[PDB]
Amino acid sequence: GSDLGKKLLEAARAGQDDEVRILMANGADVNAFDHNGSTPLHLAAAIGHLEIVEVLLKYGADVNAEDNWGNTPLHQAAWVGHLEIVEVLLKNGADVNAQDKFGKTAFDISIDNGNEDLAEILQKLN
């Protein structure tokens, strides 16, 4: 599953949905991580591929995995304003109050970025 996991990281990085599905069905390590500690779920959350995020969580991706800086995929999705991905990560057990290296939560990030739609979702969902 390790060679497949390396491929999975690059398919999630490029937003290759069909490729991620084939790789998961073949037993790829869902919690593999690249040169930055980003897991496939961090890479999927960054580009905004909601279907890849859902497939990775179905195959057991760690919703609270941290990259080299302590960022979870909730931090990743909130920084780039991917609301739908934020809602799915939360439904699948993401710690809404997880803090980054500056002590900031997904809510703090949304306020820092002026994303009122994101801030409101975080308030309503928790």
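All residue numbers refer to positions in the sequence shown, first residue = 1.
Novice: With respect to the recorded C-alpha B factors, which stretch has the higher mean value, 71 to 79 or 89 to 97?
Specialist: In the deposited entry, the stretch with the higher C-alpha B-factor mean is 89 to 97.
Novice: Ranked by Cα temperature factor within the chain, is residue 64 in the lowest third, the middle third or the highest third?
Specialist: As the PDB entry reports it, the C-alpha B-factor of residue 64 lands in the highest third of its chain.
Novice: Taking only the Cα B-factors deposited for this chain, tell me whether residue 10 sits in the lowest, middle or highest third.
Specialist: It falls in the bottom third of the chain.
Novice: Could you place residue 16 in the lowest, middle or highest third of its chain by Cα temperature factor, using the values in the record?
Specialist: Within its chain, residue 16 is a lowest-third residue by C-alpha B-factor, going by the deposited values.
Novice: So where's residue 34 on the chain's Cα temperature factor ranking, which third?
Specialist: Residue 34: CA B-factor falls in the middle third of its chain.
Novice: Classify residue 25 as lowest, middle or highest third according to the C-alpha B-factor given in the PDB entry, relative to its own chain.
Specialist: Highest third of the chain for residue 25's C-alpha B-factor.
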